[PDB]
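**Student:** Below: one structure in C-alpha cells.
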Amino acid sequence: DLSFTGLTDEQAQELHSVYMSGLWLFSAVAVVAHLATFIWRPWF
Amino acid sequence: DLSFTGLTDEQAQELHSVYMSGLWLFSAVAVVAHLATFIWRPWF
Amino acid sequence: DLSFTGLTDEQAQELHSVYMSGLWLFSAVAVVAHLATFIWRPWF
Amino acid sequence: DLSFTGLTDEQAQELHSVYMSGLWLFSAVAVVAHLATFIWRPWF
Amino acid sequence: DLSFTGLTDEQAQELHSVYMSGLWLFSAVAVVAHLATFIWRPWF
Amino acid sequence: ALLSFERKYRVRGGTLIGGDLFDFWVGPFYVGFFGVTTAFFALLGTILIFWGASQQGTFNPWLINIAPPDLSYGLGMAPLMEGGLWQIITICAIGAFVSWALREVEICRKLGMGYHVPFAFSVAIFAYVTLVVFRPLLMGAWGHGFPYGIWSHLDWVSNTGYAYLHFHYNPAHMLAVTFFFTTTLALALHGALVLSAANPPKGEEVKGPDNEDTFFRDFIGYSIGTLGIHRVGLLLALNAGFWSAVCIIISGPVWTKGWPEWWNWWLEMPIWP
Amino acid sequence: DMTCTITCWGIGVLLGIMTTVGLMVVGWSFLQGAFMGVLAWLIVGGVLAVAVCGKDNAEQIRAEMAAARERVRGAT
Amino acid sequence: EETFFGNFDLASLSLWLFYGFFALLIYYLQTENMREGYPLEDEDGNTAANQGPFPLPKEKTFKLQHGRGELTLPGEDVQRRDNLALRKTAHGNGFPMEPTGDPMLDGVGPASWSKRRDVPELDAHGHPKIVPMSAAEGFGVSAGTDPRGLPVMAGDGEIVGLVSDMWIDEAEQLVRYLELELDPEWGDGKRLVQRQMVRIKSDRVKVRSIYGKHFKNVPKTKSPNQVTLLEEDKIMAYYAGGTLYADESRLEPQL
Amino acid sequence: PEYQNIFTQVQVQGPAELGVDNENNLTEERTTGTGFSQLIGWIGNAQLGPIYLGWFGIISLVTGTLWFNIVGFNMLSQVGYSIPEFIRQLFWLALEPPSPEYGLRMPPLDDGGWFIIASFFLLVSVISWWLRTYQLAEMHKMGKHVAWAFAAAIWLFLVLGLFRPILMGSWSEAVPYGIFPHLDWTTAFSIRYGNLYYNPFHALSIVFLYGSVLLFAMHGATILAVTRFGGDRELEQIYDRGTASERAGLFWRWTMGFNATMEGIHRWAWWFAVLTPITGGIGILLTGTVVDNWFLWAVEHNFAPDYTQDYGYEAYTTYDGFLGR
Amino acid sequence: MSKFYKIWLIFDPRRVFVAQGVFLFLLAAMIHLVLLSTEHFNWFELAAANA
Amino acid sequence: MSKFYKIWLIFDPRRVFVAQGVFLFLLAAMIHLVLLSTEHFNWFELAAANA
Amino acid sequence: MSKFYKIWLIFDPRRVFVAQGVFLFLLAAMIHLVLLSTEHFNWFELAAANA
Amino acid sequence: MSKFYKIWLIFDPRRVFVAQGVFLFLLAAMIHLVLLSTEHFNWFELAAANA
Amino acid sequence: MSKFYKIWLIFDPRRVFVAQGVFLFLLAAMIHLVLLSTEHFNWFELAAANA
Ligand code: BCL
Ligand SMILES: CC[C@H]1c2cc3[nH]c4c(c3C)C(=O)[C@H](C(=O)OC)c4c3nc(cc4[nH]c(cc(n2)[C@@H]1C)c(C(C)=O)c4C)[C@@H](C)[C@@H]3CCC(=O)OC/C=C(/C)CCC[C@H](C)CCC[C@H](C)CCCC(C)C
Ligand SMILES: CC[C@H]1c2cc3[nH]c4c(c3C)C(=O)[C@H](C(=O)OC)c4c3nc(cc4[nH]c(cc(n2)[C@@H]1C)c(C(C)=O)c4C)[C@@H](C)[C@@H]3CCC(=O)OC/C=C(\C)CCC[C@H](C)CCC[C@H](C)CCCC(C)C
Ligand SMILES: CC[C@H]1c2cc3[nH]c4c(c3C)C(=O)[C@H](C(=O)OC)c4c3nc(cc4[nH]c(cc(n2)[C@@H]1C)c(C(C)=O)c4C)[C@@H](C)[C@@H]3CCC(=O)OC/C=C(\C)CCC[C@H](C)CCC[C@H](C)CCCC(C)C
Ligand SMILES: CCCCCCCC/C=C\CCCCCCCC(=O)O[C@H](COC(=O)CCCCCCCCCCCCCCCCC)COP(=O)(O)OC[C@@H](O)CO
Ligand SMILES: CCCCCCCC/C=C\CCCCCCCC(=O)O[C@H](COC(=O)CCCCCCCCCCCCCCCCC)COP(=O)(O)OC[C@@H](O)CO
Ligand SMILES: CCCCCCCC/C=C\CCCCCCCC(=O)O[C@H](COC(=O)CCCCCCCCCCCCCCCCC)COP(=O)(O)OC[C@@H](O)CO
Ligand SMILES: COC(C)(C)C(=O)C/C=C(\C)CC/C=C(\C)CC/C=C(\C)CCCC/C(C)=C/CCC(C)CC/C=C(\C)CCC=C(C)C
Ligand SMILES: COC(C)(C)C(=O)C/C=C(\C)CC/C=C(\C)CC/C=C(\C)CCCC/C(C)=C/CCC(C)CC/C=C(\C)CCC=C(C)C
Ligand SMILES: COC(C)(C)C(=O)C/C=C(\C)CC/C=C(\C)CC/C=C(\C)CCCC/C(C)=C/CCC(C)CC/C=C(\C)CCC=C(C)C
Ligand SMILES: COC(C)(C)C(=O)C/C=C(\C)CC/C=C(\C)CC/C=C(\C)CCCC/C(C)=C/CCC(C)CC/C=C(\C)CCC=C(C)C
Ligand SMILES: COC(C)(C)C(=O)C/C=C(\C)CC/C=C(\C)CC/C=C(\C)CCCC/C(C)=C\CCC(C)CC/C=C(\C)CCC=C(C)C
Ligand SMILES: [Fe+3]
C-alpha cells in the first residue's frame, strides 16, 4: 500500500469517519443559520 | 493505537471528560447572559 | 519505467482515479452555480 | 499518572484548595462592592 | 513538600507572620486617614 | 590610575609631530601636539559662546542664540556683535575637530592598530563643513549657515526645508533616510544576537558562532557572518553621512524650484501614451 | 576571471553614456536619457558577465567534464 | 485637558518619569562595563588611592562548553604578564616607559600579547577550529587568486621564502593564516602570517610590517596540525609590533 | 598601504553547513537545498539557505501576501485596469483610510472597508513573525533579546495604527498605504498639531537615532582595526580576554576618558536602538489626546526663542535691486 | 468518492487541523465585517431605526 | 461524535489551552468595544439619558 | 488522454495539492472582489435598491 | 468539576500567578479610568455639583 | 485561608518586596495628583478661598 504519512488503511478509515461527523455538524448548523437570515432579511 | 502526543486512550478519555465539563459551564453562563440582554434591549 | 517520484504505474492509476472523481464534483457544483446566476442576472 | 510540570496528584489538590479559598474571598469582596455601587448609582 | 524558592515550611511561616503584622499596621493607618477625610469633605 | 593590563602598552614613540615634548598623559587622557591645539581651540570657542550669551541678555541654555550675519555682508567680515562672533567660533570649531582627528591618528599609531576610526570621523567633519563653509560660499554669503543655539538651530532646519516646498520629495534625502533606518535595524539585530549568545537561560551553557549562524539562517535563510556584519555596519553609516551632505548641497546651488516638480521628467517620458 | 567581469561591467558603463547622448540628439532631456542609460548598463553589462565570462577556457577539459556529467545522469 | 498644578500636565509627568528611568539605566550600563581591569593601580603596581565614582558590580557566572569549567567575573586577573622588560622614565605617574632589551622579542608595546589559555579553540563538534587546508576534506579555492606557490617579499624588498599551505576556519569557511617555508639564508622551518597583514598580487605576496632579517624570530607552533590561543596571540602581536619597531624612522616623529 | 579588510582576497568553499541540533529536533522542519553566491562572498558569507518553516512563519507569509494583494488590486482597479498607467503612477497611488464622519464604526467598502480588512491581515502577519522569533530562541536555548528588540518597534507600529485612533475616536487617524501619500501624512501630521520639533519626546527619539548611528560607525571601525589580532571572534574574547579587547578598550580610554568591555558594548548598542521607538511612541500617543499645539506648549514652558529683527523682503532690499534693474 | 479517506495517507493529520482552524476563523470574521459595512445588513443600525 | 476524545491524541493540551485562553479574552474584549461604539447599545449614555 | 495518470510519476502529489489549494482560493476571492467592485453585479447594493 | 485541580498537572503555577496578577491590576485600572471618562459616573464631579 | 504563607514557597521575597514598594509609592503619588487635579478636592485652593 502507498503511504507517505505512516498510517495504515484502517487508521485512515477511522480518522476519516470521525472527521466527517464533525464536518456535518458544523455544516448543519451553518445551514440553519443561513436559513434564518434569509427569512429575516432576504438577499437575492 | 495511533497517538502523536504520547497520551494513551484512557488518559485522553479522562481529559476530554473534564474539558467538556468546563465547556458546558461556560456555555450555560453565556446563555443566561444573552437572554437578559434580549429582554433588556432586544436586537432582531 | 521512468519514475522520478518512486511510485509505480498502478499506484499512479489509483491516485488519478480518485483525483478525477473529486474534480468532477467540483466542476458540477460550479456549473449549477453559474446557471443560477445567469438566470438571476445575465452577463451576455 | 499524567504530569507535565512535575507535581504529584496530592500536591495539586492542596494547591487548588488554597487557590479556591483565595478566589472565593476575592469574589465575595467584589460582589459586596458591586451591590453597594448599584444601590448608590444604577446602570440598568 | 514543594518549594521553588529554597525555603522550608517553618521559614515561610515565620516570614508570613512577620509580613502580616506590617500589612495590618499599614491598613490601620490608611483606615484612620480615610475616616478624617470623609468628616472634612465627604465623597459619597 | 591604570587598568590591570595597561602599563605594558604605555611606551614612547609613534607621534606625527612633537616628539617627547608632549608625550605624556593627564589622568586617563593622552596629550600630544594635537591635544594642546584641541584644548586651546575648544576653550576659546566655549568662552566666546558664553561672552556672547552674556551680551545677548540671557543665560538660559534653551534660549542662547549666536547667529550668522545678514546676507548683505556677502563673504566679508561683519561686526563682532552682528554676526562676527559666529565666524570666529566657526573657525575655532573647525580647528578643534581637525585636531581631534589628528590626535586619534597618533593614538592609533601608538597602539599599532588600523586607522579606520579617524577615517570614519572625517565623514562627519565633511557634513559639517558642507553646512557652514561649502554651501555658503557657493550661495555667496556666510549668512546661509545655521545658528548656534539648542532650539534655534531647529528653526533653521524647518525654514530651509519649506523653502523647497515639500522636502520629502528630494531624491537624495530619500536615500539618506533609508540608510539611517537600516543602520539602526542592523545595530539592534547585532546587539541582540551577541547578547542572546552570551546570556542563555539559567542552568544552560554559553553558545558559539555556529549557533549564531544557525539561528539566522533558520530565521531568514541567510547569515552575513561575524566579520561581514561590521563591514556592513560601517559602510551603511558612512553612506548615510555622505548622502546627507549631497541632499543639502543640491538643494541650494543646483535646484531652485520645489522638489516635487523635479519628478516631472518621469511623468512626461515619451514612452508613456 | 574577476578581471573579465570588471571589463564587462565597464563596457556596460560606456554603453550607458552613449545611450544618454543619443536620446538627447533625438529630442529627450538629460534625466530621461540617463534613466535609460542606467538600465542599458545594468541589463547588458550583467548579461555579458554571465554569458561571456561563463564561456571559460578549457578545451578537451570542457569535453570530458561534460561527458562525465552525462554519466552522472543515467544513474540518477 | 487639565493640569495637576501650575503648568504640570500628563506630558510633564511622563517626561520626569523618563528622566528618572534614564538616570537609573545610565547607572546600570556604566556598572555593567566594569567587570575587567579593576581595581585601578598606579604606575608601580600598587592599588591607587582613587577608584572613581561608581562602585564595582556583583558577580556573574558563565558555564563554558566542552567541560572547560566556570568563569566568575569580576575576579582575579589570570591573563597577567609576569616579568616585563620595561623601565620608568620618571619618578611619578603619567610618563611613558622604555624597553630594556629588544622590544619585539620581549613582547612589549605594540608587540604585547596576553596570556591566554594554552589550548586551541573548538567548534561545535569539539574539534580544533583552525585546520591546515591539506587536511580539510572538500575545500577548494572558489574565487580570487590562489597564493600557494608564490614567493613572499618583505618590507625592505627581500624574498624570504614560498607559500606552502593555507590554514582555514572550516565552520565559518574563511582563510585565517598563510604558511611560509623559509629559504636557508633567512632561517629554517615554517612560519605563519595572519591574513589581514598580507597583500596578494599576481606574482608575489607582500608583507610590509617586518623586514627579512626579522623573519627568523617569528614564534613557532608546537604541533604542525593545530595552534593554541596563546601561540596565536604571540604570532599576531609579533607582526603588529613591526609597524613601529622595524625601523628607527618608524618610531621618530614624521613631521 | 596595508590591507584594510573590506574585501576578501581569496575565497574558499566546502560542504554546505546544515546547522546545529539538540533534543528539540529542528532538522524535521528545515528545507533541504542550498546555494552559493561568489558576488556576496566578497563581503560576507557566500552560502544561501536553508530556512526553517514552522506554522508561525507560514501564517505570517500567507496573511502578509493577502494584505499586499488587497492593496495592489485596489490600486490597479482605481486606475481602470490600465497597466501602463498603473506603472506610470505607482508611487502616487494608495489605499486611503476611512472618512472622519464614520467614527470607529465600519465604513463602506468604497470608503475604508477594504482598508480595515487589509489592516487586520497585516496585524495578524506581524504578530505571527514575532511569535516565531521567540520560539526559535526557546528552541535554540538562547536568550530572548531579539524578540524584545522586535517588540520595541512593534510598540510604535501599534501606536501609529491601533492605539491612537481608538483613543481619538476615529479610524480616520490611521496612515495610508502608499509611497508619497504616506510622506504627505507625515508632513500634514506635523503641521496640524503645531510644530513637531517642539515635542520633547520627538527630540529624545532623534537623540537616540543619532546616537545609534554614531555607535555603529565607532563600533564597526573599532572592530575592523583590531582584526589583525583576531578581534572579530567576539564570543571567545568574552570567554577569554585577549590583546584585541585590551587595545580596543585602551584606544577609547585614552581618547575620551572612559571605555567599555567586549560584552558590555553590545548592551549600549541594544539600549540606544531600542529606546528610539519607545520614546517615539510615547510622544505620538500624547498628541491630540493631551497637547494640541506644541509651539504654544513650548511658549508656556519657556523654551521658545525670540527674535528682534523684522519680517519682510523690503526691510532688507528692493524688488528692483533684486532683479538688477 | 468512497475512497476519499486516502487523503490521510498523503497529508499529516495535525498539519491539516491547524490550517483549517485558523482559515475558518478568519473567513468568518471577514464576512461579518462585510455585512456591517453596509446599510441593509448592519443589524446594530437597524435596531436603532426600528425605534 | 463519541470519539471526539481522540482530538487529544493529536493536539498537545498545553498549547491548545494557552491559545484558547488568549483567543477567548481577546474576542470578548473586542465584542464589548463594538457595542460601545454604537448609539443604541452603549450602557453608559443610556444611564446618562435615562435620568 | 488515457495516459494522463503518469503526471504522478513526474510530479510529487504532496506539493501540487497544496499549490492547487492555495491557487484555487485566491482565484475565487479575486473574482468575488471584482464582482463586488462593479456597479451592476454588487448584490449587496441590489438588496438595498430593490426594496 | 471535582477534577479541576488537575490544571496544575499541565500549567506551571509560577508563571500563571504573575500573569494573573498583572492582568487583574491592569483590568481594574482600565475599568476605573473608563468610569472616570464618562459624564454620569464621574464621582469627583458629582460631589462638586451636589455641594 | 490559613495556608496563605505557602505563597513564599512559590515566590522569591527579595523581588516581591522591591516590586511592592515601587508599586505602592507610585499608586499613592498618582492618587494624590489626581485629587489635586480636581476643583472640589484641591486643598491648596480651598485655603485661599477660605481666607
Ligand atoms: C514635517 C516632518 C516632521 C516630522 C514628523 C514626524 C512624524 C509624524 C513622526 C516622526 C518620527 C520620527 N522622526 Mg521626525 N519629523 C520631522 C523631522 C525629523 C528629522 C530632521 C529634520 O532631521 C529627524 C532626524 C527626524 C526623525 C524621526 C525619528 C527619530 C522618528 C522615527 C522613529 C523610528 O523608530 O523610526 C523607524 C520607524 C519605525 C520603527 C516604524 C515601524 C516599522 C514596523 C515595525 C514595520 C513592520 C514590518 C513591515 C510591515 C513589513 C514590510 C515588508 C517586509 C519586506 C516583509 N524627524 C519634522 C518635524 N517624525 C516618528 C516618531 O516617533 O515621532 C515621535 C513619527 O511618527
Ligand atoms: C532585513 C533583512 C532582509 C532579508 C535578507 C535576505 N534574505 C535572503 C537573503 C538576504 C540578504 C539571501 O541572499 C537569501 C536568498 O537566496 O534570497 C533569494 C534570502 C532568503 N530570505 C528568504 C526568506 C525571508 N526573508 C525575510 C526577511 C528578510 N531577509 C529581510 C527582507 C522574510 C520576511 C517576510 O521577513 C522571509 C520569508 C528567502 C526568500 C531566502 C531563503 C534562502 C533559500 O531558501 O535559499 C535556497 C537556496 C537556493 C538554491 C536559492 C539561491 C538562488 C540561486 C539559484 C543560487 C545561486 C546563487 C547566484 C550566483 C546568485 C543569486 C543570489 C542572489 C540573492 C544574490
Ligand atoms: C557617519 C557619521 C556619524 C559620526 C561619526 C563619528 N563621530 C565621531 C566619531 C565617529 C566615527 C569619533 O570617533 C568621535 C568620538 O570621539 O566619539 C566619541 C566622534 C564625535 N562626534 C561627536 C558628536 C556627534 N556626532 C554626530 C553624528 C555623527 N558622527 C554621524 C551620525 C552628531 C549629530 C548631530 O548627529 C554629534 C553631536 C562627538 C561626541 C565626538 C567627538 C567630537 C569632539 O569631541 O570634538 C572636539 C571638540 C570639543 C570637545 C568641543 C568643541 C567646541 C567648539 C570650539 C565650540 C562649539 C561650537 C558648536 C558648533 C556649537 C553647536 C551648537 C549646537 C546646539 C548646534
Ligand atoms: C528597534 C527599531 C528598529 C527596528 C528593529 C527591528 N526590525 C525588525 C526586527 C528588529 C529588531 C526583527 O527581528 C524583524 C526581522 O525579521 O528582522 C530581520 C524586523 C523587521 N522589520 C522590518 C521592517 C522595518 N523595520 C523598520 C524600523 C525598525 N526596526 C527600527 C529602525 C522599518 C522602517 C520604516 O524604518 C521597516 C520598513 C521587516 C524587514 C521585519 C519584520 C518582518 C515581518 O513582520 O514581516 C511580515 C511579512 C509580510 C508582509 C509577509 C510577506 C509579504 C511580502 C510583501 C512579500 C513576500 C516576502 C519577500 C521575502 C519580500 C519580497 C522580495 C522578493 C524578491 C521575493
Ligand atoms: C550636564 C553635564 C554635562 C555638561 C553639559 C554639556 C554636554 C552635554 C552632553 C553630553 C554629556 C556627556 C558627558 C560625558 C563625559 C564623561 C567624562 C568621563 O570620562 O567621565 C568618567 C565617568 O563617566 C562615565 O563613566 C561615563 C558617563 C556617561 C557618558 C555619557 C552618556 C551619554 C548618554 C546619552 C546622550 C546624552 C544626551 C542627553 C540625554 C538626556 C536624557 C534625558 C570618569 O572616568 P571613569 O574611569 O569612566 O569613571 C567611572 C567609573 O570607572 C568609576 O571608577
Ligand atoms: C581640554 C579642554 C576641554 C574642552 C572644553 C569644552 C567643554 C565641554 C567638554 C567636556 C566636558 C567634560 C569634562 C569632564 C571630564 C573630567 C575629566 C575626568 O574624567 O577625569 C577623571 C576624574 O573623574 C572625574 O572627574 C569624574 C567625572 C564624573 C562624570 C559624571 C558622570 C555622569 C556624566 C554625564 C552623563 C550624561 C547624561 C546627560 C547629562 C545630564 C545629567 C548629568 C580622571 O580619571 P582617572 O584619574 O583615570 O580615574 C578616576 C576615574 O575613575 C573617575 O574619578
Ligand atoms: C488570529 C488567528 C488565529 C485565530 C484562530 C485560532 C484558533 C483556531 C483553532 C485551532 C488552531 C489553534 C492552535 C491549536 C494547536 C496548538 C499547538 C500546535 O501544534 O500549534 C501551535 C498553534 O499555532 C497557532 O494557533 C498559530 C496562531 C497565530 C496567530 C497570531 C496572530 C496574532 C494574534 C492576534 C491579533 C489580533 C489582536 C489585536 C489586538 C491586540 C494587539 C496585538 C503552533 O505551535 P507549533 O509548534 O509551531 O506548531 C507546529 C506543530 O506541527 C507542532 O507539532
Ligand atoms: C471576498 O469574497 C467574499 C467576501 C464574497 C467571500 O466571502 C468569499 C468567500 C469564499 C470564496 C469562501 C470559500 C470557502 C470555502 C471553500 C470553505 C470551505 C470550508 C470547509 C471545507 C469546511 C470544513 C470544515 C470541517 C470541520 C469543522 C471538521 C471538523 C471535524 C472534527 C471536529 C473532528 C476531527 C477529529 C478527529 C478526526 C479525531 C480522530 C482522530 C484519531 C486519531 C482517530
Ligand atoms: C459581529 O461580528 C464580529 C466579527 C464582530 C464577531 O464578533 C465575529 C465573531 C466570531 C466569528 C466568533 C466565533 C467564535 C467561536 C467559534 C467561539 C468558540 C468558542 C469555544 C469553542 C469555546 C470553548 C470554551 C471551552 C472551555 C471554557 C473549556 C474549559 C475547560 C476546562 C476548565 C477543563 C480543563 C481541563 C483539564 C484540567 C484536564 C485535566 C486532565 C488531566 C489528565 C491532567
Ligand atoms: C466594558 O467592556 C470592557 C471591554 C471595558 C471590559 O471591561 C470587559 C472586560 C472583560 C471581558 C473582563 C473579563 C474578566 C475575567 C474573565 C476575569 C476573571 C477573573 C478571575 C478568573 C479571577 C481569579 C482570581 C483568583 C484569585 C484572587 C486567587 C488568589 C489566590 C491567592 C491569593 C493565594 C492562594 C495560593 C497560594 C498561597 C499558594 C499555595 C501553595 C502551595 C505550595 C500549596
Ligand atoms: C480611581 O481610579 C484609579 C485608576 C485612579 C485608581 O486609583 C485605581 C486604583 C486601584 C485599582 C488600586 C488597587 C490597589 C491595590 C490592589 C492595592 C494593594 C495593596 C496591598 C496588597 C498592600 C500591601 C502592603 C503590605 C505591607 C506594607 C507589608 C509589610 C511591610 C513590612 C515592613 C514588613 C516586611 C518585613 C519582613 C517580612 C521581614 C522578613 C522576615 C523574616 C522572618 C526574614
Ligand atoms: C496588482 O499587482 C500585484 C498583484 C503584483 C500586487 O499585489 C501589487 C502590489 C503593490 C504594488 C503594493 C504596494 C504597496 C505599498 C506601496 C504599500 C505601502 C505600505 C505602507 C507605507 C504601509 C504603512 C502602514 C502602517 C503604518 C505606517 C503604521 C501603523 C499601522 C498599523 C498598526 C496597521 C495595523 C492595523 C490594525 C491593528 C487595525 C485592524 C482593525 C481591526 C478592527 C482589528
Ligand atoms: Fe560587535
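If you're wondering about the labels, chains in the C-alpha cells are A, B, ... by order shown, residues count from 1 in each chain, ligands from 1 in order shown.
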Identify, with DSSP run on backbone atoms, the residues in stretch 25-239 of chain H assigned to strand (DSSP E or B), and express the list as an MDAnalysis selection string.

**Tutor:** chainID H and resid 41 47 60:63 70:73 86:88 97:99 122 128 130:132 140:144 151:153 159:169 174:182 190:194 199:200 205:206

**Student:** If you superpose chain J onto chain M over the full set of Cα atoms in sequence order, what number do you get for the RMSD in Å?

**Tutor:**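 The optimal C-alpha superposition leaves an RMSD of 0.4 Å.
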
**Student:** Could you give me the residues within 6 Å of ligand 12, counting only C-alpha atoms and all ligand atoms, as an MDAnalysis selection string?

**Tutor:** chainID I and resid 68:69 71:73 76 116 119:120 122:123 157:158 160:162 175 177:179 182

**Student:** Please save N, CA and C atoms of the selected residues as a PDB file, in the first residue's frame.

**Tutor:**
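Just written: again-v8.pdb:
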ATOM      1  N   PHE I  68      -0.984  42.613   0.859  1.00  0.00           N
ATOM      2  CA  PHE I  68      -0.324  43.179  -0.316  1.00  0.00           C
ATOM      3  C   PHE I  68      -1.180  43.147  -1.564  1.00  0.00           C
ATOM      4  N   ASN I  69      -1.936  42.091  -1.754  1.00  0.00           N
ATOM      5  CA  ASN I  69      -2.783  41.931  -2.915  1.00  0.00           C
ATOM      6  C   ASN I  69      -4.084  42.682  -2.824  1.00  0.00           C
ATOM      7  N   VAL I  71      -4.286  45.641  -1.296  1.00  0.00           N
ATOM      8  CA  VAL I  71      -3.808  46.954  -1.640  1.00  0.00           C
ATOM      9  C   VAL I  71      -3.483  46.987  -3.122  1.00  0.00           C
ATOM     10  N   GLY I  72      -2.695  46.048  -3.646  1.00  0.00           N
ATOM     11  CA  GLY I  72      -2.313  46.167  -5.041  1.00  0.00           C
ATOM     12  C   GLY I  72      -3.492  46.119  -5.992  1.00  0.00           C
ATOM     13  N   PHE I  73      -4.457  45.237  -5.727  1.00  0.00           N
ATOM     14  CA  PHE I  73      -5.609  45.144  -6.611  1.00  0.00           C
ATOM     15  C   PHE I  73      -6.515  46.358  -6.490  1.00  0.00           C
ATOM     16  N   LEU I  76      -4.797  48.928  -8.596  1.00  0.00           N
ATOM     17  CA  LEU I  76      -4.979  48.646 -10.018  1.00  0.00           C
ATOM     18  C   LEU I  76      -6.387  48.995 -10.485  1.00  0.00           C
ATOM     19  N   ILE I 116      -9.737  48.530   6.371  1.00  0.00           N
ATOM     20  CA  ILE I 116      -9.843  47.824   7.641  1.00  0.00           C
ATOM     21  C   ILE I 116      -9.642  46.315   7.543  1.00  0.00           C
ATOM     22  N   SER I 119      -5.907  45.871   7.058  1.00  0.00           N
ATOM     23  CA  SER I 119      -5.202  46.191   8.281  1.00  0.00           C
ATOM     24  C   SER I 119      -5.257  45.045   9.273  1.00  0.00           C
ATOM     25  N   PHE I 120      -6.366  44.325   9.342  1.00  0.00           N
ATOM     26  CA  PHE I 120      -6.483  43.135  10.170  1.00  0.00           C
ATOM     27  C   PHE I 120      -5.581  41.982   9.694  1.00  0.00           C
ATOM     28  N   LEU I 122      -2.600  42.465   8.109  1.00  0.00           N
ATOM     29  CA  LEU I 122      -1.235  42.903   8.405  1.00  0.00           C
ATOM     30  C   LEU I 122      -0.930  42.800   9.867  1.00  0.00           C
ATOM     31  N   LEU I 123      -1.904  43.040  10.711  1.00  0.00           N
ATOM     32  CA  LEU I 123      -1.734  42.880  12.116  1.00  0.00           C
ATOM     33  C   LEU I 123      -1.427  41.446  12.429  1.00  0.00           C
ATOM     34  N   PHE I 157       4.690  50.744  15.946  1.00  0.00           N
ATOM     35  CA  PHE I 157       3.782  50.310  14.888  1.00  0.00           C
ATOM     36  C   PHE I 157       2.328  50.310  15.368  1.00  0.00           C
ATOM     37  N   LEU I 158       2.072  49.675  16.515  1.00  0.00           N
ATOM     38  CA  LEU I 158       0.728  49.594  17.074  1.00  0.00           C
ATOM     39  C   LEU I 158       0.210  50.942  17.550  1.00  0.00           C
ATOM     40  N   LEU I 160       0.944  53.871  16.173  1.00  0.00           N
ATOM     41  CA  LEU I 160       0.550  54.599  14.971  1.00  0.00           C
ATOM     42  C   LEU I 160      -0.755  54.069  14.396  1.00  0.00           C
ATOM     43  N   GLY I 161      -0.929  52.752  14.355  1.00  0.00           N
ATOM     44  CA  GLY I 161      -2.093  52.234  13.663  1.00  0.00           C
ATOM     45  C   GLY I 161      -3.307  51.825  14.476  1.00  0.00           C
ATOM     46  N   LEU I 162      -3.130  51.458  15.743  1.00  0.00           N
ATOM     47  CA  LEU I 162      -4.220  50.884  16.526  1.00  0.00           C
ATOM     48  C   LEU I 162      -4.609  51.718  17.736  1.00  0.00           C
ATOM     49  N   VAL I 175      -2.653  55.742   9.050  1.00  0.00           N
ATOM     50  CA  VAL I 175      -1.727  56.088   7.972  1.00  0.00           C
ATOM     51  C   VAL I 175      -2.137  55.390   6.679  1.00  0.00           C
ATOM     52  N   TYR I 177      -1.684  53.627   2.892  1.00  0.00           N
ATOM     53  CA  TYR I 177      -0.740  52.664   2.322  1.00  0.00           C
ATOM     54  C   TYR I 177      -0.265  53.185   0.967  1.00  0.00           C
ATOM     55  N   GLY I 178       0.832  53.932   0.977  1.00  0.00           N
ATOM     56  CA  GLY I 178       1.382  54.484  -0.246  1.00  0.00           C
ATOM     57  C   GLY I 178       2.780  55.003  -0.009  1.00  0.00           C
ATOM     58  N   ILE I 179       3.467  55.307  -1.107  1.00  0.00           N
ATOM     59  CA  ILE I 179       4.850  55.770  -1.030  1.00  0.00           C
ATOM     60  C   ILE I 179       4.891  57.264  -0.724  1.00  0.00           C
ATOM     61  N   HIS I 182       2.027  58.443   2.084  1.00  0.00           N
ATOM     62  CA  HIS I 182       2.435  58.322   3.472  1.00  0.00           C
ATOM     63  C   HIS I 182       3.419  59.387   3.947  1.00  0.00           C
TER      64      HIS I 182
END

**Student:** Which chains and residue numbers are within 10 Å of ligand 11, counting only C-alpha atoms and all ligand atoms, if I want them as a ChimeraX atom specification?

**Tutor:** /E:10-27 /M:21,24-36,42-44 /N:13-14,17,20-21,23-24,27-28,30-35

**Student:** Could you pull out the residues sitting within 6 Å of ligand 5, using only C-alpha atoms and all ligand atoms, and write them as a list in words?

**Tutor:**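 Result of the 6 Å neighbour search around ligand 5: residues 19, 30, 51, 52, 53 and 54 of chain H; 257 and 258 of chain I.
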
**Student:** Keeping only N, CA and C atoms, take the residues you just selected and write them out as a PDB file, in the first residue's frame.

**Tutor:**
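Saved result, again-v3.pdb, follows:
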ATOM      1  N   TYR H  19      13.075  60.801  32.790  1.00  0.00           N
ATOM      2  CA  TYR H  19      14.343  61.289  33.330  1.00  0.00           C
ATOM      3  C   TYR H  19      14.874  60.361  34.416  1.00  0.00           C
ATOM      4  N   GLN H  30      26.830  51.752  33.056  1.00  0.00           N
ATOM      5  CA  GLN H  30      28.218  52.008  33.427  1.00  0.00           C
ATOM      6  C   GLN H  30      28.738  50.948  34.388  1.00  0.00           C
ATOM      7  N   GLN H  51      39.455  55.458  43.079  1.00  0.00           N
ATOM      8  CA  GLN H  51      38.825  54.354  42.394  1.00  0.00           C
ATOM      9  C   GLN H  51      37.611  54.784  41.598  1.00  0.00           C
ATOM     10  N   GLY H  52      37.395  56.084  41.481  1.00  0.00           N
ATOM     11  CA  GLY H  52      36.228  56.579  40.798  1.00  0.00           C
ATOM     12  C   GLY H  52      34.911  56.683  41.512  1.00  0.00           C
ATOM     13  N   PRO H  53      33.915  57.289  40.871  1.00  0.00           N
ATOM     14  CA  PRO H  53      32.585  57.479  41.473  1.00  0.00           C
ATOM     15  C   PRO H  53      31.606  56.299  41.516  1.00  0.00           C
ATOM     16  N   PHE H  54      31.815  55.254  40.731  1.00  0.00           N
ATOM     17  CA  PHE H  54      30.903  54.136  40.678  1.00  0.00           C
ATOM     18  C   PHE H  54      31.456  52.954  41.421  1.00  0.00           C
TER      19      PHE H  54
ATOM     20  N   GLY I 257      38.434  59.235  27.904  1.00  0.00           N
ATOM     21  CA  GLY I 257      38.471  59.124  29.345  1.00  0.00           C
ATOM     22  C   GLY I 257      37.719  57.958  29.949  1.00  0.00           C
ATOM     23  N   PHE I 258      36.945  57.214  29.165  1.00  0.00           N
ATOM     24  CA  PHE I 258      36.294  56.011  29.661  1.00  0.00           C
ATOM     25  C   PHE I 258      36.071  55.066  28.491  1.00  0.00           C
TER      26      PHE I 258
END

**Student:** I need the alpha helix (DSSP H) residues of chain K per DSSP on the backbone, written as a PyMOL selection string.

**Tutor:** chain K and resi 13-35+43-50

**Student:** Would you please work out which residue, of F:219, F:259, F:272, F:151, is nearest to ligand 2 when using only C-alpha atoms and all ligand atoms?

**Tutor:**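 Looking at the shortest contact to ligand 2, the residue is F:219.
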